[PDB]
Amino acid sequence: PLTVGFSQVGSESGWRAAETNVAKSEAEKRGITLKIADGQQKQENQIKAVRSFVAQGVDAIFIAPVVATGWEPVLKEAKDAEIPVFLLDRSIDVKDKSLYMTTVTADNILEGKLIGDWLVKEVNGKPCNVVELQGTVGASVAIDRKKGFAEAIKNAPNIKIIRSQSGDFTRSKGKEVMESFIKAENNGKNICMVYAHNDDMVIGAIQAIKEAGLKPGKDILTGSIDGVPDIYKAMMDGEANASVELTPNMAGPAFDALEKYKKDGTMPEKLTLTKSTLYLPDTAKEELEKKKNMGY
Ligand SMILES: OC[C@@H](O)[C@@H]1O[C@@H](O)C(O)[C@H]1O
């Protein structure tokens, strides 16, 4: 029997809730005992959880690292204990890449690029002021999604990012920050598009846009990432424009790699990429139907 300790970031978004659900169902069908620690969005809580898993002598540790920095000490402890570590859905910045087995993740630069490329085509040379709702400060995915979008719009100077602040990857903070952007930009009239690093923040933004008396999806376009059910519902109501799907099944490939490793010492590739796909309202109904069956 295998026991895996998973240090989870928390439950800040519908996507992460689905990731947790899928981690559980994946573990269950594989006969793996999965212990999930909830970090409540704090790195030090995650480090404490990892230390507990090491002390307990679990067979493997999964970590969704809330931010990219500060993991060397605890990863050295896990390595000294000979407990393999698998990173899910965010990445870390360490010199010693042998401190973990693999990172299962999307290409988050690509995710940002997909939204940026879409926007360039959508506005077709016309002026477009963008407001950006970033993810958690220091999260690899926020850094990368910012970069991908920025690079995609570079040759379209008609597009300008005029506001950018973290919305903590939550609906509530996304709404709060969007409200501040709207008030700072002529009741939202000087805003063409909101780019949110996740769907949840943009769903909060959609509320703020409506409450300001504007039409989300028309007066202010939306581009975001995850493909949570509620973004497709928003698309079907005409209130959201573009979203990049992110599989909630980050745990599956990690379990695959773990099982192979425990069976005969087969090491995984250092980067295990999941597939990213842009979805627009024309496929929203079909994608929404695929979702209650994807962990949501
Ligand atoms: O890999 C994705 C990731 O780490 C992000 O965390 C969640 O907040 C969320 O919705 C999201 O896209």
Side-chain angles (χ1 to χ4, degrees), residues 1-10 15-39 43 46-47 49-68 71-94 96-111 139-141 144 226-227 245-259 261-277 294-295:
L2 290 178
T3 298
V4 175
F6 176 23
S7 177
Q8 181 54 299
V9 174
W15 182 89
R16 190 163 299 281
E19 186 198 40
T20 293
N21 289 339
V22 174
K24 291 175 180 175
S25 56
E26 283 284 352
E28 285 151 19
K29 73 179 189 173
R30 295 163 188 268
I32 293 170
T33 301
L34 183 64
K35 310 185 71 166
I36 306 181
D38 188 313
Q43 178 171 28
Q46 294 197 278
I47 289 169
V50 172
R51 285 180 176 152
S52 180
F53 292 144
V54 170
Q56 291 175 60
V58 301
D59 297 286
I61 292 166
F62 288 6
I63 304 168
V66 61
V67 298
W71 295 97
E72 296 91 341
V74 79
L75 291 176
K76 286 167 182 182
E77 293 169 25
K79 184 156 180 182
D80 287 346
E82 303 179 42
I83 298 173
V85 172
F86 302 77
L87 303 179
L88 284 57
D89 86 63
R90 303 189 183 165
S91 296
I92 67 178
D93 188 22
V94 297
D96 182 6
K97 307 300 188 296
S98 77
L99 288 172
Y100 63 91
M101 298 287 280
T102 191
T103 306
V104 183
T105 182
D107 178 345
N108 306 297
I109 300 180
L110 174 64
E111 290 173 326
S140 70
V141 295
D144 290 350
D226 276 348
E245 183 192 79
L246 175 68
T247 182
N249 194 1
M250 296 287 172
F255 288 130
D256 288 335
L258 174 59
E259 288 170 2
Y261 178 65
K262 294 287 181 180
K263 190 170 69 172
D264 59 17
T266 300
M267 295 287 291
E269 299 298 332
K270 192 59 60 174
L271 180 62
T272 305
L273 288 178
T274 61
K275 181 175 288 304
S276 300
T277 308
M294 289 173 59

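Along the sequence shown, residues are numbered consecutively beginning with 1.
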Quick one: do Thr272 and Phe86 satisfy side chain to side chain contact (heavy atoms under 4.5 Å, CB included)? Show the steps, please. CA-CA 10 Å; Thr272 305; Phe86 302 77; over 6 Å; no
Between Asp264 and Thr266, is there a side-chain donor-acceptor contact under 3.5 Å, judged purely by atom types and distance? yes
As a quick check of understanding, evaluate ring pair (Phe, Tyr, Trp, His ring centres under 6.0 Å) for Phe62 and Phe255, giving each step before the final call. CA-CA 9 Å; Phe62 288 6; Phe255 288 130; 5.0 Å; yes
Heavy-atom pair with the smallest gap, counting every atom of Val54 and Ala81: CG1-CB, 3.7 Å
Can you tell me how far apart CD (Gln43) and OG (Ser7) are? Round to the nearest 0.5 Å. 9.5 Å
Atom CG of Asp80 and atom CG of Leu75: how far apart are they, to the nearest 0.5 Å? 11.0 Å
Let me see the working for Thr274 and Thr247 under side chain to side chain donor-acceptor pair (under 3.5 Å), right down to the final yes or no. CA-CA 7 Å; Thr274 61; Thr247 182; over 6 Å; no
Nearest 0.5 angstrom please: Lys275 NZ to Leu110 CG, how far? 9.5 Å
Do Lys262 side-chain atoms and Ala60 backbone N/O form a donor-acceptor pair below 3.5 Å? no
Heavy-atom pair with the smallest gap, counting every atom of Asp107 and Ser276: O-OG, 4.2 Å
Do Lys79 and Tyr100 form a cation-pi contact, if we require the NZ or CZ to be under 6.0 Å from the six-membered ring centre and within 45 degrees of the ring's axis? no
CA sep, side-chain torsions, deciding dist, call: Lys76, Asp96, salt bridge (charged side-chain N to carboxylate O under 4.0 Å, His left out): CA-CA 10 Å; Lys76 286 167 182 182; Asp96 182 6; over 6 Å; no
Check whether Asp59 reaches the backbone of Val4 with its side chain - one donor and one acceptor, N or O, closer than 3.5 Å. no
Less than 6.0 angstrom separating the ring centers of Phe6 and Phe53, yes or no? no
Apply side chain to side chain contact (heavy atoms under 4.5 Å, CB included) to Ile63 and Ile92, showing your working. CA-CA 10 Å; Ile63 304 168; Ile92 67 178; over 6 Å; no
Is the side chain of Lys97 donor-acceptor paired with the backbone N or O of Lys270 at a distance under 3.5 Å, no angle test? no
Could you check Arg30 against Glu26 for salt bridge (charged side-chain N to carboxylate O under 4.0 Å, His left out), going step by step and ending with a plain yes or no? CA-CA 6 Å; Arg30 295 163 188 268; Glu26 283 284 352; 3.0 Å; yes
What I'd like to find out is whether the side chain of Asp89 reaches to under 4.5 Å of the side chain of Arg16, using heavy atoms alone. yes
Roughly how far, to the nearest 0.5 Å, is OG1 of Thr102 from CG of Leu88? 9.5 Å
Does any part of the side chain of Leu87, heavy atoms only, come nearer than 4.5 Å to the side chain of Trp71, both counted from C-beta? no
Shortest non-hydrogen pair, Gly39 vs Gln46, comes out as CA-CG, 4.2 Å
Heavy-atom closest pair (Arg90 atom, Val66 atom, distance to 0.1 Å) is NH1-O, 2.9 Å
Could you tell me which non-hydrogen atom of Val104 sits nearest to which non-hydrogen atom of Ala254, and how far apart they are? CG2-N, 4.0 Å
Spatial distance of atom CD1 (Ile32) from atom OG1 (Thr3) [nearest 0.5 Å]: 9.5 Å
Apply side chain to side chain contact (heavy atoms under 4.5 Å, CB included) to the pair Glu111 and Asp144, showing each step before the final yes or no. CA-CA 9 Å; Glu111 290 173 326; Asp144 290 350; over 6 Å; no
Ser25 and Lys29: CA distance, side-chain angles, deciding distance, side chain to side chain contact (heavy atoms under 4.5 Å, CB included) verdict: CA-CA 6 Å; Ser25 56; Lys29 73 179 189 173; over 6 Å; no
For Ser140 against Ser91, the heavy-atom pair lying closest together: OG-N, 2.8 Å
